[PDB]
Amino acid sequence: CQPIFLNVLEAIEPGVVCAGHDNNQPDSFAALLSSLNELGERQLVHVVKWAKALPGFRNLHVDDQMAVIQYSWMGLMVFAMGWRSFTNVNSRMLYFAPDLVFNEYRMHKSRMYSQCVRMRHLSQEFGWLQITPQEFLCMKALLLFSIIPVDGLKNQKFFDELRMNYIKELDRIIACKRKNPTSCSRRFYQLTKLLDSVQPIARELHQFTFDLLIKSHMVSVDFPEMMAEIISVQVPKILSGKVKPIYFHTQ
């Protein structure tokens, strides 16, 4: 049998994205954060093209297509960055981009050291849990459907159905080489715990970038058009409790 679903996920996976950072200059808070912001703007373009090509994405109402992207981009990008770090440098550093790799010194200079250490822990988990390339792809897609508004989406029903379908595909990938219910159950527990762990990290970064935007003119940090719009209009909805992640486990 042909793995149609997985064939598609592999086929649409975005290529390499560079930040455009000048690594010839001594590190500074302003330059490092401005480059992270530009990388965010560039990655946002690839995330939109990727999402629009996902199986069933068009089943969603137009307004909800935009909403899920605007709310889950931070988690999606952090998860992908953690995987790149694992595969390219065995979690020795944070591989934001080929031209923007963070060692401990840069983590400190960025003023978000604690958050950076938590992301490195996430990267290490990909190795400790022996996450396969196929599990990574399915889990990343699921992250796009893991944060919603308390007030509900325009067509909450279509969303619930799509999310359920991606969960079913994850079950299938888990059952592939496993011919025992207990083994599958144990793996599902591990993967759902890993997925939940992304949310608290994304929340801390949401708070950090929000505060940075508010005082950006005082610290010389540049925010591109799309990033500035999303962080001033959508991010505060999550910080004020109007939009919340869907956790598998209670915590």
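We number the residues from 1 along the sequence you see.
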query: 170-178 or 76-84, whichever carries the higher mean Cα B-factor; finding: 170-178
query: Average Cα temperature factor in the PDB entry - higher stretch of 52-60, 191-199; finding: 52-60
query: Residue with maximal Cα B-factor (values as given in the PDB entry) among 131, 100, 141, 150; finding: 150
query: 70, 209, 216, 37, ranked by C-alpha B-factor: the highest one; finding: 216
query: Chain-relative CA temperature factor third for residue 126; finding: middle
query: Residue 1 - Cα temperature factor, lowest/middle/highest third of chain; finding: highest
query: Assigned third (lowest, middle, highest) for the C-alpha B factor of residue 42; finding: lowest
query: Record-listed C-alpha B factor of residue 13: chain third; finding: middle
query: Modelled-residue ranking by C-alpha temperature factor, third containing residue 117; finding: middle
